[PDB]
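Participant: fold the stuff below for me.
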Amino acid sequence: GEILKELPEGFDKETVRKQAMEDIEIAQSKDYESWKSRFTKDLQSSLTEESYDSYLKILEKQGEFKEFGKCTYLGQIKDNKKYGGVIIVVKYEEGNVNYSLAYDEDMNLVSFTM
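Facilitator: Numbers count the residues shown, from 1 in each chain. What follows is the structure:
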């Protein structure tokens, strides 16, 4: 379906900003199956360690997380399923890594990028 640039009906700006903040900080500390628990149960089998290994190569020269900056919100549809996203800036000590965390209404992450 359509992949919106914003939250349509069935989501919340406060809840969606928060459901990304956590997910970032669980990725930071190289959590494997604790970070899988953020994704869909299907995606827990689809996750790579490369998703938190190549990621670490970026992170290691960004500094430590200081604050969450500007948060864009996003939408998606699969067929009948609606999905809520967020491009939430992270002010690391040296880098803005603007993590894009998109998930279903059931609240299981479906599309994490940075």
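Participant: when you work out contacts or count neighbours from here on, use the C-alpha atoms and nothing else.
Facilitator: Noted.
Participant: dihedrals phi and psi, residue 75?
Facilitator: Residue 75 adopts backbone torsions of phi -130, psi 160, taken as degrees, to the nearest 10.
Participant: OK, contacts around it?
Facilitator: Shown in contact with residue 75 (Cα atoms under 8 Å, 6 or more residues apart in numbering): 2-8, 82-85, 102.
Participant: now it: how far from residue 41?
Facilitator: Taking Cα to Cα, to the nearest Å as the measure, residue 75 falls 21 Å from residue 41.
Participant: which parts of this protein are helices?
Facilitator: Per DSSP state H, the chain carries helices over the ranges 13-28, 33-36, 54-59.
Participant: make JSON lines out of the ones you listed and add mean neighbour count.
Facilitator: Formatted as JSON lines, the helices of the chain follow (neighbours: other Cα atoms under 10 Å):
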{"stretch": "helix 13-28", "mean neighbour count": "17"}
{"stretch": "helix 33-36", "mean neighbour count": "17"}
{"stretch": "helix 54-59", "mean neighbour count": "14"}
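Participant: for residue 46, find the nearest of the ones you listed.
Facilitator: Taking Cα to Cα, helix 33-36 is the member of these nearest to residue 46, at 9.3 Å.
Participant: show residues contacting that closest one.
Facilitator: By Cα under 8 Å, 6+ apart, the list of residues contacting helix 33-36 reads 23, 26-27, 43-44, 47.
Participant: stretch 97-114 now?
Facilitator: Residues contacting stretch 97-114 (Cα under 8 Å, 6+ apart): 10-11, 20, 24, 37-41, 43, 62, 74-75, 81-91.
Participant: ok, of those, which come out buried?
Facilitator: Buried residues within these, defined by neighbour count using 16 or more other Cα atoms under 10 Å: 11, 20, 24, 38-40, 43, 62, 74-75, 82-91.
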